[PDB]
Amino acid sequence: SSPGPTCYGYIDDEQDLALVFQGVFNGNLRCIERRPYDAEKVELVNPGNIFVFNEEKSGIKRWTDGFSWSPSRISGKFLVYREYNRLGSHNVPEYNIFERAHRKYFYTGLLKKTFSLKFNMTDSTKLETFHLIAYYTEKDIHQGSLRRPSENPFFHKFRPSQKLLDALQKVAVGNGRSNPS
C-alpha cells in the first residue's frame, strides 16, 4: 500500500538534516502520519528513502520496519543499524559474515540511520519531537548514487532557520565523543 517516503536522498551531516526538517516545517515535505501496515513495511526499506514523523501528532515513538537490525552504533549524532540474515545453503563477502551461536548470519549491506530533534513549534516551550529515518546501502556509498539534500537544488528553498541550526548543534548522543572522519 501507498504512503511513501518524505523525501529521497542521503543524509551525511547537519546541513542535510536541516534542509529536510525545514522542508517539513514549511509543508513541502510530508511527514508520516500513521504507522505503516505489515505489507507497507516491506516497501519502506528502499535505499534513498527518508522518513520524518512528529512523535506527538502521529503516536509513533519507535519506528518499526519489521527487518532484522544490528545493535545501535553511534556515528556523530546519528544512530546506525545494519540489516542481517541467515545463510542457505548464493554467496557473500567473508568479513560481513558472523555467527551468533549457534547459527550463522550475515550483513546484507542495507543500512539505517536515525536522528531525533526536539524543537519548539508555538508560545511557551512545549517541545515537539521529530524523528528521522534514512535507508541506504554500502554500495550506494561507493557509487555515490544517492543525492544529498544539500547538493540537490530541490532543497535549496528549504534553507534552515537559525533556530533550527541552533537546536541541531545542541543535540548529542551518549558521550559527545563520537566524531567520524
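From 1 onward, residues are counted along the sequence shown.
Asker: Can you count the deposited residues that have no coordinates between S89 and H90 and report it as none, 1 to 3, 4 to 9, or 10 or more?
Answerer: Missing residues, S89 to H90: 4 to 9.
Asker: Our gap detector needs a label for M121 to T122. Which class matches the unmodelled residues of the deposited sequence there: none, 1 to 3, 4 to 9, or 10 or more?
Answerer: According to the record, 1 to 3 deposited residues lack coordinates from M121 to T122.
Asker: State which stretch shows the higher mean Cα B factor in the entry: 137 to 145 or 49 to 57.
Answerer: Averaged over C-alpha atoms, the B-factors run higher in 137 to 145.
Asker: Return whichever of 24 to 32 and 123 to 131 has the greater mean Cα B factor according to the PDB record.
Answerer: Per the PDB record, 123 to 131.
Asker: According to the deposited entry, which of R73, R82, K77, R100 has the largest Cα B-factor?
Answerer: That would be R100.
Asker: What third of the chain, by the recorded C-alpha B-factor, contains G4?
Answerer: Middle third, going by the recorded CA B-factors of the chain.
Asker: Relative to the other modelled residues of the same chain, rank the CA B-factor of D16 and answer lowest, middle or highest third.
Answerer: Answer is lowest: the recorded C-alpha B-factor places it there.
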